[PDB]
Each structure stands twice: as structure tokens, then as C-alpha cells.
Amino acid sequence: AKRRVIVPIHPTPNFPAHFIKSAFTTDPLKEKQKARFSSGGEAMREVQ
Amino acid sequence: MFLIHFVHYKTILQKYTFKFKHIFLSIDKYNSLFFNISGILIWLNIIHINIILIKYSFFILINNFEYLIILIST
């Protein structure tokens, strides 16, 4: 069926771990979904 | 032969002072501007947005190197 083969990327001086798992996915049925949202200190202190 | 016995005077006075900085005092480093980061958009396969602090952003950076990243009010 010519299934797309994505090569996994390892953390890099400018490409840290959490960045990778958040911005990159190796399962290409999950491409082009939508945008995801997160929070850091103040927006998290409000939300939570 | 030996006519005498004496106490060995010396002038040890340092009065001139020469220091010369080693070459690595003037070598280069990477310095950066540092602002509080208000938010971040990362996109490579899937776009993910973090928001730390919600304010009108006065400044925005864009960086393409591997993953596209937009650092907001960086």
C-alpha cells in the first residue's frame, strides 16, 4: 500500500527532547490534525 | 685559599611590574539578549503552541533551522 516511512529524530543541541515529542510524530496517520495548546507559569496558574 | 667569611647580600627588589594577559582573555563568546518569553509556537510535523504569559506582544522571532519556531515576546 506504499505506507510512508518516517525516520525518528533524536534530541539535538537546538532540538530538545520535549520539543521533539511535541512538534514531531512518527505515525503518519496523525499528521495534519490540528493545533495543540499548553501553558507555562502564569496561564497555568490561572487555568489549573 | 680563603681569607674571609661573608654573609651573601642580594638585591631582590622587584620594582618593575610586567603582566601580559594570556591570549584567551580576548577570545570570543556568544552573548545574547534575554527577555521573558511570553509564548512559543513549534511546527515540524504537528503544530504545538505553548502560552506562558498572555500580553500584547511587542516583539516576535522566527527561526527555521530544523523545526519552525516562533518565539513570541521572546
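Residues numbered from 1 in each chain as written, not as in the entry; some residues may be left out. Chains lettered and ligands numbered in written order. Part of a larger assembly, values for the part shown. Heavy atoms only, no water.

Per the deposited record, cryo-EM is how this structure was determined, to a resolution of 3.37 Å.

Undergrad: I'm lost on unusual backbone geometry in this one. Help?
TA: One non-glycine residue, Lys-32 of chain A, lies in the positive phi region at around 60°. Considering the arrangement of structural elements, one finds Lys-32 of chain A in the loop between α1 (17-23) and β1 (36-39). Look at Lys-32 of chain A and you get exposed, because its relative accessible area is 78%. Backbone geometry places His-8 of chain B, a non-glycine residue, at a positive phi of 60°. For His-8 of chain B, the position within the fold is in the segment before β1 (39-43). (Helix = DSSP H or I, 4+ residues; strand = E, 2+ residues; numbered from the N terminus. Buried < 20%, exposed > 50% of the residue type's maximum accessible area, 1.4 Å probe, protein only.)

Undergrad: What is the right way to look at the packing of aromatic side chains in this model?
TA: Within a pair of aromatic rings, the relevant descriptors are the distance that separates the centres and the angle that separates the planes. Under the defined criterion, the tally for this structure stands at three aromatic pairs over all chains. Ring centres of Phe-19 of chain A and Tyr-67 of chain B lie 5.6 Å apart, and the angle between their planes is 80°; this geometry places the pair in the edge-to-face category. Taken together, the positions of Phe-19 of chain A in helix α1 and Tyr-67 of chain B in the loop between β3 (60-63) and β4 (68-72) put the pair across two chains. Each member of the pair, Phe-19 of chain A together with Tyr-67 of chain B, is buried. Here the aromatic rings of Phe-35 of chain B and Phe-58 of chain B are separated by 5.8 Å at their centres, their planes lie at 50°, and the arrangement is tilted. A residue pair is termed long-range when its members are at least 10 positions apart, and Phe-35 of chain B in the segment before β1 and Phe-58 of chain B in the loop between β2 (48-51) and β3 qualify at 23 residues. In textbook terms, an aromatic cluster arises when at least three aromatic residues are bridged by ring pairs, as seen for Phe-15 and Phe-19 of chain A together with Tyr-67 of chain B. (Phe/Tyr/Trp six-rings, centres within 6.5 Å; stacked < 30°, edge-to-face > 60°.)

Undergrad: Can you walk me through a nonpolar patch on the surface in this structure?
TA: Taken together, the side chains of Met-1, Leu-3, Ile-4, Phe-6 and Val-7 of chain B define a hydrophobic patch exposed on the protein surface, amounting to about 740 Å² of accessible area. Structurally, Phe-6 of chain B can be placed in the segment before β1. (Patch = residues over 30% accessible without salt bridge, like charges linked within 9 Å, V, L, I, M, F, W, Y side chains within 5 Å. Areas by Shrake-Rupley, 256 points an atom, 1.4 Å probe, with all protein chains shown as cover. Salt bridge = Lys/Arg side-chain N within 4 Å of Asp/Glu carboxyl O.)

Undergrad: What exactly am I supposed to notice about the nonpolar core here?
TA: Buried together is how nonpolar side chains tend to be arranged in soluble globular proteins. Core analysis: the largest hydrophobic core is formed by nine residues, namely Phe-15, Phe-19, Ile-20 and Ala-23 of chain A together with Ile-40, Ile-42, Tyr-67, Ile-69 and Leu-71 of chain B. Elements represented by at least two residues in this core include exactly α1 of chain A together with β1 and β4 of chain B. Element by element, the count of residues in this core is highest for α1 of chain A, at three residues. The contacts of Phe-19 of chain A, once residues within four sequence positions are left out, are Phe-24 of chain A together with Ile-42, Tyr-67 and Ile-69 of chain B. (Core = buried A, V, L, I, M, F, W, Y, C linked by side-chain atoms within 4.5 Å. Contact = heavy atoms within 4.5 Å.)

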